[PDB]
């Protein structure tokens, strides 16, 4: 109910709301069916169209017209965006050369340059190059302002998860919009694009930009436009808002376009019918810009041009049916399409089994086009698990395909030729970013970055303090001329011990053997300097990492590698070593195959033991610094110290062995030496954050030796590869991964072939940012380099994606 009986005269697109039932006149009333009777007549005028014509120049103001070409229009703030070009001989914004904007040039009374966020749905990143001949306004923004060749959305690359990530800097798992379609079991409700449920504030977590602004006394234009309000009216309304008196005028504005997404779904991303939606978007941009120029705001406002996701070629016949795998296909509810999510059709059913469903979906057909996962086993870079709204079972679907439950679902629902929602590393899903204005740089290209980082920047552009979010504040400082936020290195919380030789061999009773009793003062002061950290500048290139939580740990030095050994988790938190281009792969000598030696620097009570691995029929063990890469027969003994040991399932040891024996050396060859940091990760509650000791669900049997959920490595070298890793005078280059530590290899369908046919593809899949590894371990890397901190934050947010160009 509304008493939809009040009026809207002088209230057209009002700025604060009114309580039901007083009728509404804001840009969302339509969607609430709560506009006043006269809203259309007064607020949605159309008479005469949206441009001036020569014979309108001068005219008697006529309140009926959608826009005015009269004389008092400039001062009423309601001319058609082309008024000056047509009636005062001015030029369109796009025809003007660009001139660097060194300082804001704003009208008197503007306390700060406004921000205008112009967002475009489905605007695939390659559109910038491929549609360039027909988007001249967008092209001028891109080349005069600051731009990335593309910007990475979050997963799933759906509309609501992405628009609300842009608004909040949060992963969908934390903001709560985990799909365009969700079931919440605690609310017992569903959320869909169509319908009222999405209007209930209980779905939306985090604190979006417009709320952050309000709470700190920066006024916001209302970001959301009802779908019948056409584009030209949205632009005119923003331009009017911009004419309000100083005390009423918002500081931040949003425009949203449903194009090109709406068309991309019908015609595919490069369909002939796509040229027109693009021209249209360009023309709307020209109108905002010709309108800012009229108001002398075009060298004052910062404009952000940003997409939520891209678009891919998808058709009804590229659909895989779950009914071709599962016999019980009626006890399951599938959330379907470009990703799959499965729950039980009823929780009154005690016969519903995730394991057998997963197994029934694993590697069943030669060319299968989706892969099932338990959510905690999805790649950590998707950050897609820590929400009750995300179903335990998930299917990652290949680009260009759909998954559906039955065929009846597809023909009682080819409609479409495009879709999106796939893995966020996929090229066709990448989207756009352009920043133009006094606060952005002039004609500057920046590297690709993730859309989670933008909320921070929009907060800086407005002088706001960001609510806590998943961006890394400072990682996009290179986008900006000024306003920057000066980030600082977090303080180290635990400082290490440096233990010397304190224990005799016979104090150990670990059930470990080593064939090593084989026996010169010259080579002795030598081996001892290695244990004092003589070679430490070679293996520890960027400083030791900082432990950012409270705990007990020791630095251990060796000829070949250095480690931070945790007395709590009984293993190292990190192991650092450099492999130069020249270095040589040796084999594990036969005599030393089962060798594990006590560390006389570390007490029996803080040590693992071999007995437990023997007793544990599931669990075997590996080494963090690989014996294969020892610099000498003598140094190799160090690789076998029990303090270099970590627990590993036999299935995982195949992955790990291949990475250490083949791939390190290969990377050293291509990158001209690599520095490697490796270590264990514990995330039993899949929240993306380091577990405390009391959260560990699994131990090597009959011991306090905790089992990692994943193993990471960070592989750094010189960006200029003509310099070796250990003597780089400039920027660094990095790639990393976080491998799930799994007792089987059901994830790789080719895992019964040689490791050279599958291990590396798996690693690629589990590519990571150094920043993801920091969250997971509580460590802080790259503490001592010659680079600026800003540049290091950018490096820590890099993801190496292995897509082509």
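Numbering follows the first chain given and starts at 1. Between two forms, the rigid core is the largest collection of C-alphas that superpose within 1.5 Å.
Enquirer: Which of the two stretches, 434-442 or 520-528, moves more in 6 other deposited structures of this protein when the core is held fixed, judged by C-alpha RMS distance?
Expert: Looking at 434-442 versus 520-528 in 6 other deposited structures of this protein, the farther one turns out to be 520-528.
Enquirer: Say the other structures are aligned on the rigid core; which stretch then has the higher CA RMS in 6 other deposited structures of this protein, 30-38 or 775-783?
Expert: Stretch with the higher C-alpha RMS distance in 6 other deposited structures of this protein: 30-38.
Enquirer: Using what the record says, work out whether there is a hole in the model between residue 519 and residue 520 and how many deposited residues it spans (none, 1 to 3, 4 to 9, 10 or more).
Expert: Going from residue 519 to residue 520, the model skips 1 to 3 residues of the deposited sequence.
Enquirer: What size is the break between residue 413 and residue 414 in terms of deposited sequence residues left without coordinates: none, 1 to 3, 4 to 9, or 10 or more?
Expert: 4 to 9 residues lack coordinates between residue 413 and residue 414.
Enquirer: Read off the CA B-factors in the entry, average them over 465-473 and over 99-107, and name the higher stretch.
Expert: The stretch with the larger mean CA B-factor is 99-107.
Enquirer: Report the stretch with the higher mean CA temperature factor, choosing between 529-537 and 395-403 on the basis of the entry.
Expert: Per the deposited B-factors, the answer is 529-537.
Enquirer: Which one of 644, 376, 387, 483 shows the biggest C-alpha B-factor in the PDB entry?
Expert: That would be 483, according to the entry.
Enquirer: Just to confirm, going by the entry's C-alpha B-factors, which of 42, 770, 763, 779 comes out highest?
Expert: In the PDB entry, the greatest C-alpha B-factor among 42, 770, 763, 779 is found at 42.
Enquirer: Ranking every modelled residue in this chain by its Cα temperature factor as given in the entry, which third contains residue 784?
Expert: It belongs to the middle third of the chain when residues are ordered by C-alpha B-factor.
Enquirer: Name the third of the chain's ranked CA B-factors that contains residue 202, choosing lowest, middle or highest.
Expert: Answer is highest: the recorded C-alpha B-factor places it there.
Enquirer: Lowest, middle or highest third: where is residue 429 by C-alpha B factor in its chain?
Expert: As the PDB entry reports it, the C-alpha B-factor of residue 429 lands in the lowest third of its chain.
Enquirer: If you rank the chain by CA B-factor, which third does residue 605 end up in: lowest, middle or highest?
Expert: Residue 605: CA B-factor falls in the middle third of its chain.
Enquirer: Would the CA B-factor of residue 506 place it in the lowest, middle or highest third of its chain?
Expert: For residue 506, the deposited C-alpha B-factor lands in the middle third.
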